[PDB]
């Protein structure tokens, strides 16, 4: 049985929820304008909502930056700890001279929020930072064009860029490690000339920068030559070491791949990606029992691309039967009466009736707030509540957060079959692949719109819809209707596939990044499909391809199609 236990937090009338939402954008503006009296007025009678939590977090970031520590401390207490923003925590700890968070924060080599950046600078100046990690972060910031943050951290460490010591040497290395300098045909020659005067750590990082550029540019032989000159691989950033593994993977250097993975931080080693590829390396080198152990570890990581591939190496196929019963209908009803769930449903329903996309976004935030810390039984109950109300993305959001109790019909919902199936059939494309793409693109939100303007269930760009419409006799504004969106997106899947040697992996990459990019990422010889996917240079497209194809495997099982292993779906990407 699933438990019937549901929360019973105080509910507020719909009028109150809508009134609070009416003031929400103005409260965020008041934060930006430093109108503390207006922000306090908004919060004074606010419900215990994501609206209040969001405003409070943003206010606290501003209060921390302006050093209003008395008001900061008072408002910080009012956040639920799981709802405190990262930067807010950094400001809070800093104000108490508590640098506990620095040991883990300093391992980040990229941009951090201002409060956390300053926490690290303060720890550095008090001698509370590991020197190896601190200088690795300075180098990471230099290589990531965060020169001001790199400069300020080096000064806090007592070796400023203008001081003639270590900091000045790290800054001078930009002639090799700079964003454009690393691309120069002479970068490796320049680094080789100055190598003698560099420390072990400086040399290792700089070869890592050059290797990373070549690897991400898919110049695999040169990438491996440069990465081979890295004497201390733990000096590399996470991105650098993953791109070393990717080059070794693409070259099928199984021994070197296993060696690189063994130098990764443990968090990277335990990721599905590197558990699976280390297992494949062990298999390729005849270490069969160790491969099996790693495949089992990767398969236990959830419902993701590499967990599915690892299961297949163990002889396990996807099985989409639920391992729990349906939630009882009384619990599904009573879940909607909880005050925080009700608030989210109120904003969702009013976003539909009023055609208010910003209100819908806040309804999502209220849902995530309301379901935070739910156990698995409550997650599965709330997932059905969301589905019944048509809040499709939040049904998936809640169902996908379980670990043990699996409802595949709520993780892999399939609304709109009377439209999607027909359009997919009409262009001869796999309907499970189409559903897998929709799940990733829009989570079944008909009005979804990305930051760059991609529109609808299938997230087609307006510029693309204009081209499509001119080819298949449509008006470009049909992009904004569900049926026209699906017609355009399915046609574009098929057309992109035709332009890319009729390969579904290339087509998935090309849908997101353009066919020109998908073809640039090919090699002069064939690539195993999962190797192509893992070595896609664009991080967004790399994640996209793996998620779409894993989704497709789950949809195909639910749809009852003749079985296609995920490894077969990935197949072989052809040579250019």
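Numbering follows the first chain given and starts at 1.
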query: Stretch with the higher entry mean CA B-factor, where the candidates are 262-270 and 424-432; finding: 262-270
query: 234-242 or 182-190, whichever carries the higher mean Cα B-factor; finding: 182-190
query: Residue, from 138, 476, 383, 335, that the PDB entry assigns the highest Cα B-factor; finding: 476
query: Which of 206, 79, 123, 394 ranks first by CA B-factor in the deposited coordinates; finding: 79
query: Where the record places residue 532 (Cα B-factor, split into thirds across the chain); finding: lowest
query: Ranked against its chain, the third holding the CA B-factor of residue 490; finding: lowest
query: Residue 52 - which third its CA temperature factor falls in, relative to the rest of the chain; finding: lowest
query: Relative C-alpha B-factor of residue 62, binned into the chain's lowest, middle or highest third; finding: middle
query: Lowest, middle or highest third - CA B-factor, residue 547; finding: lowest
